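Some notes on the structure that comes next.
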Amino acid sequence: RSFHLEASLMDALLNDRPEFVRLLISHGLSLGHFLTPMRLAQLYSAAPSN
């Protein structure tokens, strides 16, 4: 479903794992509902403290 791939995309963006990212966007995602400001803040929070 949509959310099952959305969560996998969140994970594959939080960690590097470029192969999973390539496979996911190759298979097709939303890219219109995946960019909510909450998710933007969550991904921005992934920056290392040091």
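Please note that chains go A, B, ... in the order of the structure tokens, that every chain numbers its residues from 1, and that ligands are numbered from 1 in the order shown.
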
query = Got a sec: who's within 9 Å of residue 2 in chain A, counting only C-alpha atoms, leaving out chain neighbours fewer than 5 positions off, as a PyMOL selection string?
reply = chain A and resi 7+29-30

request  = Extract, using only C-alpha atoms, all DNA, RNA and protein residues at most 12 Å from residue 38 in chain A, discarding same-chain residues fewer than 6 positions from it, and format them as a list in words.
outcome  = residues 10, 44 and 45 of chain A

Residues from last step as file, C-alpha atoms, as a short mmCIF file (atom, residue, chain, number, x, y, z; two decimals), in the first residue's frame:
data_model
loop_
_atom_site.label_atom_id
_atom_site.label_comp_id
_atom_site.auth_asym_id
_atom_site.auth_seq_id
_atom_site.Cartn_x
_atom_site.Cartn_y
_atom_site.Cartn_z
CA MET A 10 11.43 7.57 5.32
CA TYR A 44 15.86 17.74 8.95
CA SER A 45 16.20 16.42 12.51
#

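CA of residue 3 in chain A lies 16.3 Å from CA of residue 40 in chain A.
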
key: Test item, helix (DSSP H, G or I) assignment across chain A, answer as a PyMOL selection string   = chain A and resi 2-14+18-27+37-44

Export, as an mmCIF file, in the first residue's frame, the selected residues with C-alpha atoms.
data_model
loop_
_atom_site.group_PDB
_atom_site.id
_atom_site.type_symbol
_atom_site.label_atom_id
_atom_site.label_comp_id
_atom_site.auth_asym_id
_atom_site.auth_seq_id
_atom_site.Cartn_x
_atom_site.Cartn_y
_atom_site.Cartn_z
ATOM 1 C CA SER A 2 0.926 3.679 0.027
ATOM 2 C CA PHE A 3 1.957 3.938 3.687
ATOM 3 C CA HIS A 4 4.037 0.750 3.561
ATOM 4 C CA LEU A 5 6.218 2.325 0.864
ATOM 5 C CA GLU A 6 6.127 5.759 2.527
ATOM 6 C CA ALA A 7 7.623 4.373 5.748
ATOM 7 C CA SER A 8 10.293 2.499 3.787
ATOM 8 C CA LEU A 9 11.162 5.738 1.982
ATOM 9 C CA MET A 10 11.430 7.574 5.316
ATOM 10 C CA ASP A 11 13.816 4.870 6.532
ATOM 11 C CA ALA A 12 15.873 4.809 3.318
ATOM 12 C CA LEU A 13 16.239 8.584 3.550
ATOM 13 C CA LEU A 14 17.173 8.548 7.244
ATOM 14 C CA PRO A 18 21.186 4.259 -1.900
ATOM 15 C CA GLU A 19 20.089 0.961 -3.463
ATOM 16 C CA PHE A 20 16.775 0.911 -1.582
ATOM 17 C CA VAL A 21 16.166 4.540 -2.567
ATOM 18 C CA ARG A 22 16.868 3.742 -6.217
ATOM 19 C CA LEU A 23 14.520 0.748 -6.154
ATOM 20 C CA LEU A 24 11.715 2.645 -4.409
ATOM 21 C CA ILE A 25 11.672 5.703 -6.669
ATOM 22 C CA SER A 26 12.155 3.414 -9.685
ATOM 23 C CA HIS A 27 8.986 1.553 -8.678
ATOM 24 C CA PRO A 37 6.055 19.729 6.705
ATOM 25 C CA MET A 38 6.086 17.235 9.587
ATOM 26 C CA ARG A 39 8.116 14.820 7.458
ATOM 27 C CA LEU A 40 10.342 17.703 6.350
ATOM 28 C CA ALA A 41 11.073 18.515 9.999
ATOM 29 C CA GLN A 42 11.641 14.834 10.804
ATOM 30 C CA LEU A 43 14.187 14.449 7.995
ATOM 31 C CA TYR A 44 15.860 17.738 8.945
#
